[PDB]
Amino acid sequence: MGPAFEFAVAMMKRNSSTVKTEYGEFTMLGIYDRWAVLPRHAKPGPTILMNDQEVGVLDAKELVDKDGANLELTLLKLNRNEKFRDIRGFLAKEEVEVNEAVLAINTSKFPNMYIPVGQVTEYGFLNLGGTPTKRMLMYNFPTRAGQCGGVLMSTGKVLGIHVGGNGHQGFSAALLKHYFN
């Protein structure tokens, strides 16, 4: 658990920011270059607020699988000079299962908070409030709203982005390496 928290703290400090869209405040992870990811429900507009400063959004991809199914992630390309530390080598080729994960949240409502969720299992398919969603990861933790965007991590691995919950279970979209080109 300790090494996962140590990994998470350094990761969040280096690659995470707090983002405000018209739909709420979210944790955001920069992946490489000027590309980041948000949970789909952040519905970013043509501009976002990133650490309280206004930033233009050049592109927004709502990710779906080959048979069109919802993946619940939105990739965005930001209009800014500074480049994200490349973290693509932390992203698995496929769904990671682990016995000890930490979920990191970085917003106003949850500033630098970390949650031990323990075991993460590829749950896979999920009807996420009406929408057929795939590549879900599940862990047991008493969900609240505003955790959306939280980053799911273990030692050396960024596993996914928190996208939903039901009182004792949380769901992350798996953050796969191939999303990133």
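Don't overthink the numbering: it's just position in the shown sequence, from 1.
- On average the C-alpha atoms of 130 to 138 have higher B-factors than those of the other stretch, with 149 to 157 and 130 to 138 being the two compared.
- Mean CA temperature factor is higher for 164 to 172 when stretches 17 to 25 and 164 to 172 are set side by side in the entry.
- For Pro44, the recorded CA temperature factor ranks within the middle third of the chain's modelled residues.
- In this PDB entry, the Cα temperature factor of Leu78 sits in the top third of its chain's modelled residues, the highest group.
- Among the modelled residues of its chain, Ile115 has a C-alpha B-factor that falls in the lowest third according to the deposited record.
- For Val37, the recorded CA temperature factor ranks within the lowest third of the chain's modelled residues.
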